[PDB]
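So this first bit is one chain, no partners, the form deposited in one PDB entry, shown in structure tokens.
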């Protein structure tokens, strides 16, 4: 059970990992840093993410606990699976750092697009797999909140996984608010502060598909204002009845202060498979109540070559009852420790 650890330091921070993992090569962040390594047990190359002081604040501890419990609950073909989770600490009193180990496929779409020319046949399969994973994710009342090309890994056979559930969580009615990445963030995140829902992921998938089809970012906003401007330059300025639904009065006033430019023609900007254009238009919509769902997306004609209702699974519901409480730091840490100890490696 208990393995032997060796202490390696990189970028002036210690990495205490089992001998099982060798050849640590870094790949850095606010909440966690990642190293690539070879697993002598499985013979596969793996990615090892060390959470940076996961229990320094309620925010960090809550993120650590929820990501760990999500990955342990996620069991789907197009979702990254947790191979190992360990800690050098031999007791709860010593527990501080948390390490996550997961499969390491070829490269992510970010690097891939910059050196490979993609076919429409590739985009079909890729976005089909993305939506296939999203159906599973959303069915568990989970929301990813950070779908971007760098959080999607793929191999030469075009089989992909959804990565990085660090911002994901169980969907509630009021949430963190400032989430996702600027160039893939849905409008309802910037307006209607803290009262978005699962529909945000579909906007990210639409941006992903547009970028894969064209080869360049769809909304390369310099800042938040530039993001809103680039979005409305395509999807068109909203309507009065939609404006009343915006919770922020400042947001309504700013939107009204803008020079009204309508929805440009969907077949004029992606001059491209018409079916993909139709689907994009179903996805890139302002009103979340009228945006296409992942379940509805899979049934789209664009995925006829891969759609299979019998093989599109659905997840069991996720139990956030432990999180629904306002716990202290030590209680979050104890829950995370119990979750680490209770891990059983997958076949």
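Numbering follows the first chain given and starts at 1. In this text, the rigid core denotes the largest set of C-alpha atoms whose superposition between the two forms falls within 1.5 Å.
S.K.: Is residue 149 one of the residues left unmodelled in a third or more of the other entries compared?
M.R.: Comparison shows residue 149 kept in all of the other entries.
S.K.: Across the other PDB entries of this protein that model residues on both sides of residue 94, is it left without coordinates in at least a third of them?
M.R.: Negative; every one of those entries includes residue 94.
S.K.: What size is the break between residue 271 and residue 272 in terms of deposited sequence residues left without coordinates: none, 1 to 3, 4 to 9, or 10 or more?
M.R.: Per the record, 1 to 3 deposited residues are absent between residue 271 and residue 272.
S.K.: Checking chain continuity here. Are there deposited residues lacking coordinates between residue 314 and residue 315, and if so is it 1 to 3, 4 to 9, or 10 or more (or none)?
M.R.: Nothing is missing.
S.K.: State which stretch shows the higher mean Cα B factor in the entry: 142 to 150 or 273 to 281.
M.R.: The entry gives the higher C-alpha B-factor average to 273 to 281.
S.K.: Looking at the deposited entry, does 67 to 75 or 209 to 217 carry the larger mean Cα B-factor?
M.R.: According to the entry, 209 to 217 carries the higher average C-alpha B-factor.
S.K.: For the C-alpha B-factor as written in the entry, point me to the maximum among 121, 201, 164, 97.
M.R.: Top of the list by C-alpha B-factor: 121.
S.K.: Per the entry, which of 87, 181, 197, 259 tops the list for Cα B factor?
M.R.: Within the set 87, 181, 197, 259, 259 shows the top C-alpha B-factor.
S.K.: Lowest, middle or highest third of the chain for the C-alpha temperature factor of residue 222?
M.R.: It belongs to the middle third of the chain when residues are ordered by C-alpha B-factor.
S.K.: Ordered by C-alpha B-factor within the chain, which third holds residue 25? Give me lowest, middle or highest, please.
M.R.: Middle third.
S.K.: Among the modelled residues of this chain, does the Cα B factor of residue 253 put it in the lowest, middle or highest third?
M.R.: According to the entry, residue 253 has a C-alpha B-factor in the chain's middle third.
S.K.: Considering only modelled residues of the same chain, in which third does the CA B-factor of residue 9 rank: lowest, middle or highest?
M.R.: Highest third, going by the recorded CA B-factors of the chain.
S.K.: Looking at the entry's B-factor column for C-alpha atoms only, identify whether residue 291 ranks in the lowest, middle or highest third of its chain.
M.R.: Ranked within chain, residue 291 CA B lands in the middle tercile.
Beyond what is shown, the protein has a form deposited with a small molecule bound; the following relates to that form.
S.K.: Name the stretch, out of 309 to 317, 296 to 304, 59 to 67, 275 to 283, where some heavy atom lies within 4.5 Å of the small molecule in the deposited bound form.
M.R.: In short, 59 to 67.
S.K.: In the deposited bound form, does residue 166 have a heavy atom within 4.5 Å of the small molecule?
M.R.: Judged by the heavy-atom cut-off of 4.5 Å, residue 166 is in contact with the small molecule in the deposited bound form.
S.K.: Taking heavy atoms and a 4.5 Å cut-off, does residue 80 contact the small molecule in the deposited bound form?
M.R.: Residue 80: contacts the small molecule in the deposited bound form.
S.K.: So in the deposited bound form, does any heavy atom of residue 142 sit within 4.5 Å of the small molecule?
M.R.: It does: once the small molecule is placed as it appears in the deposited bound form, residue 142 has a heavy atom within 4.5 Å of it.
S.K.: For residue 292, is any heavy atom within 4.5 Å of the small molecule in the deposited bound form, or not?
M.R.: Flag for residue 292 set to no.
S.K.: Which of 208, 162, 126, 180 has a heavy atom within 4.5 Å of the small molecule in the deposited bound form?
M.R.: Contact with the small molecule in the deposited bound form is made by 162 alone.
S.K.: Pick from 212, 218, 100, 130: which has a non-hydrogen atom within 4.5 Å of the small molecule in the deposited bound form?
M.R.: Checked against the cut-off, the match is 100.
S.K.: Have a look at 126, 168, 246, 210 and give me the residue whose C-alpha moves 2 Å or more between this form and the one not shown, with the fit done on the rigid core.
M.R.: That would be 168.
S.K.: After a core superposition, would you say residue 305 shifts its C-alpha by at least 2 Å between this form and the one not shown?
M.R.: Superposed on the core, residue 305 moves its C-alpha less than 2 Å between this form and the one not shown.
S.K.: Align both forms on the core first, then report whether residue 200 has a C-alpha shift of 2 Å or more between this form and the one not shown.
M.R.: No, the C-alpha moves less than 2 Å.
S.K.: Superposing on the rigid core, is the CA of residue 139 displaced by 2 Å or more between this form and the one not shown?
M.R.: Moves: no, less than 2 Å.
S.K.: Note whether the distance between the C-alpha atoms of residue 318 and residue 173 decreases (closer) or increases (farther) in the deposited bound form, against the displayed form; the change is 3 Å or more.
M.R.: Farther, not closer.
S.K.: Knowing the shift is 3 Å or more, I'd like to know if the C-alpha atoms of residue 282 and residue 168 are closer or farther apart in the deposited bound form than in the shown chain.
M.R.: It is farther: the C-alpha separation of residue 282 and residue 168 rises by at least 3 Å in the deposited bound form.
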